[PDB]
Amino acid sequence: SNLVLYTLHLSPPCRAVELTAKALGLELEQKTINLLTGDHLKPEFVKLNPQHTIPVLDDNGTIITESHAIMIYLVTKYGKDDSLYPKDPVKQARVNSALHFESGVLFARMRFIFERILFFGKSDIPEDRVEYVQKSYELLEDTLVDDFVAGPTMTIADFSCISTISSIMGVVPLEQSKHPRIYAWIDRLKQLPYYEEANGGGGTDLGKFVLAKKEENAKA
């Protein structure tokens, strides 16, 4: 049976998994979990993930939660080689470090900005949020000593990072002159034949939605 992803295209971690599936040549059956209408808080979803977050993978009855765990699981089970997630302990350590940089820094700080606008009716992006996000950009820039986030080769860590960066750059400005490594890295990822469908459109659209929601919230 097909792999099932419980998902929403606007969600960055969902798009990270979509990029990974495209890279692996996997077809995902996508089941919408609409966060705006509280689909993730329904008992039938909470049973799949006590943390009530998307994405969640159902692989023939086996439930895997959390985008990074899902990506590692998919590469491990379905990869024809380990290029996207190395088995070598030292190469893997660099990828693992970057995956946690994404969850702990990039995504967390994006969510600290977006959640309150999308779900709590806020009409601002406080100075401290802006500062945190700008610092996350600096940290990513300084991490990009090689062409990709975890070395000379593209890995799942790049998919995680771009899913988030492509979303927040539309809201908290990512100054081109100050982040040449990030922009050059974005250009590399944009060369992927599946980049637009798996990530680019949804990242751009999430940023636009946050800006629209901020305006709506300011008015009422």
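Throughout, we count residues from 1 along the sequence that is shown.
Stretches compared: 162 to 170, 41 to 49. Higher mean C-alpha B-factor in the entry: 41 to 49. As the entry records it, the average C-alpha temperature factor is higher for 29 to 37, out of 29 to 37 and 191 to 199.
Ranking 102, 115, 88, 141 by Cα temperature factor from the entry places 88 first.
Out of 92, 123, 134, 76, it is 123 whose C-alpha atom has the highest B-factor in the PDB entry. When all modelled residues of the chain are sorted by CA temperature factor, residue 55 is found within the lowest third. When the modelled residues of the chain are ordered by their C-alpha B factor, residue 67 lands in the lowest third.
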